[PDB]
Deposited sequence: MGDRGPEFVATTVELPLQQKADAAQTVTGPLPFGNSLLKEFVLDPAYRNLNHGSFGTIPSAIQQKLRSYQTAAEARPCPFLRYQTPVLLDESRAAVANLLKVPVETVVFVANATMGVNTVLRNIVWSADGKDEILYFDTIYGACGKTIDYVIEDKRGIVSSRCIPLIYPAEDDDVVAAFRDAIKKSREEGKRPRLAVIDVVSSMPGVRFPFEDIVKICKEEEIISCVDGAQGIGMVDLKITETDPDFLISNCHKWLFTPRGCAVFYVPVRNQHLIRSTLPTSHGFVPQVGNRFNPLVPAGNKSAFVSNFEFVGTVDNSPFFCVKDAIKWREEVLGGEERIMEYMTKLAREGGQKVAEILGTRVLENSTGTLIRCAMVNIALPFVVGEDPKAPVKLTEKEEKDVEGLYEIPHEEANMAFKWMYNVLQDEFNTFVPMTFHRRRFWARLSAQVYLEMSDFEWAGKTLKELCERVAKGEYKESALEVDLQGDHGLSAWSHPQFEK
């Protein structure tokens, strides 16, 4: 029968017992059963290299493609595997052929993952200005209607400057801070305005319902290794058949390229010699999650729930607040952001006006000078690793640090109490100027 969740599930994983994984959403981890699968695939790869790697790779790729396509409730013809979410997003932006008039614009939000945003910057440089970008700023906690309105106005203004909004990079769950993004509304608007919806769902599969067929996005990428208990280096690349021809070359270009089972799927099977063992394990992690655990719906339910209550406890212990909007839609995933009980001094080169609510929430709190903000940032990262044997990423947003905690099926309420008491002591020592 399926196992109970919580710390008893640590028996099934291979984490250091002295280390506490409060940041699963960054690199993920795999249970013992999947680690043994991974090494089994490598053993077979080294036993008979050419026979296995040439002819058993496509069989094992298809078995993982079928298992993950059925998880997403999409046709198996629309899914392939790539190294990671960065590789997949690069595969989209590097393949798009932009309009000859040079009016195309890429729309994105300032919460974009750094590597993705820097991919937009390079693509613009590589294409020699045939395409430009429009950065949409977001203030968190962000109401869902305000995000939509910020997207519609960026579309409107882009046309008023004689530009053509061509493609938008849309998050399912954003990275920093870790919040559920209203991607359903943004992709729908991309349809209405004929904008390519490039959905960065790296924080996606295994954690939240992606609603692929319902949302019908032009492209979707999601990290199996983040929240599907898949070995590191595995992202699922979703492309509907209508758009597969736009992916002219894989990344990198390999034997499957055609100069001017479908050809799109066959192209991704061999893209240079790699260890494909993470890809092969996808089918095993899905079956492991369904047989050993209660299944996808039971897993996601526990994590998002633990994320709301765990963060709320951390907020109580710290005397602050979780990051959430009025509709309670930011914490619709396994990650939650809690403000730290201090404030950073204003930066003279880029002063940030605070709303009345934000400035009210910081009085009585210790203030760090802005010149020491980066110094305090490093000190907190080092201390959490060396003295507390954990890691907590922190988003610097509007003169405040928001700690991101990741719930998991092997965590429980006591873990978020420890995180609350840990961060509390950490911030008390920051208040005493221990970072110097």
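Undergrad: List the gaps, meaning deposited-sequence segments with no CA coordinates, ordered along the sequence.
TA: No coordinates exist for the deposited residues in 1-28, 289-301, 478-501, so these stretches are absent from the model.
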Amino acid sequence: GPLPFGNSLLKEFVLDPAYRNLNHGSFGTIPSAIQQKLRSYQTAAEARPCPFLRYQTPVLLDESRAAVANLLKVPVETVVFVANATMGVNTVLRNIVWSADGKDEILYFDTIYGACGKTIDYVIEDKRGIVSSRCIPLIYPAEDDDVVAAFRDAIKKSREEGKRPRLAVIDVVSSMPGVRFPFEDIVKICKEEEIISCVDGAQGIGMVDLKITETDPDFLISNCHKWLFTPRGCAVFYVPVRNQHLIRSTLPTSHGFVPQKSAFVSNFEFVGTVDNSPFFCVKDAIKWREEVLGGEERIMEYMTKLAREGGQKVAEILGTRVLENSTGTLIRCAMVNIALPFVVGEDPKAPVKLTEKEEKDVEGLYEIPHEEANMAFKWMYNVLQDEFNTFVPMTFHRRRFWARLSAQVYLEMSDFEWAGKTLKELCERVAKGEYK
From here on, numbers count along this sequence of modelled residues.
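Undergrad: Quick one: higher average CA temperature factor, 290-298 or 197-205?
TA: The stretch with the larger average C-alpha B-factor is 290-298.
Undergrad: Regarding 214-222 and 82-90, which shows the higher C-alpha temperature factor on average in the entry?
TA: So the stretch with the higher mean C-alpha B-factor is 214-222.
Undergrad: Among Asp275, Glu160, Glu143, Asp110, which residue carries the highest C-alpha B-factor recorded in the PDB entry?
TA: When the deposited C-alpha B-factors of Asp275, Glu160, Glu143, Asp110 are compared, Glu160 is largest.
Undergrad: Among the candidates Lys73, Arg232, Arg180, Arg321, give the one with the maximum CA B-factor reported in the record.
TA: Highest C-alpha B-factor among the listed residues goes to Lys73.
Undergrad: Per the entry's values, where does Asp386 land by CA temperature factor relative to the rest of its chain, in the lowest, middle or highest third?
TA: Its C-alpha B-factor, which the entry lists for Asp386, ranks in the middle third among residues of this chain.
Undergrad: Considering only modelled residues of the same chain, in which third does the CA B-factor of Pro351 rank: lowest, middle or highest?
TA: As the PDB entry reports it, the C-alpha B-factor of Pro351 lands in the highest third of its chain.
Undergrad: Using the temperature factors of the C-alpha atoms in this entry, rank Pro393 within its chain: lowest, middle or highest third.
TA: Lowest third, going by the recorded CA B-factors of the chain.
Undergrad: Looking at the temperature factor on the CA atom of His370, which third of the chain's modelled residues does it land in?
TA: Highest third - that is where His370 ends up once the chain's C-alpha B-factors are sorted.
Undergrad: Quick check on the deposited entry: does the C-alpha B-factor of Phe151 sit in the lowest, middle or highest third of its chain?
TA: Within its chain, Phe151 is a middle-third residue by C-alpha B-factor, going by the deposited values.
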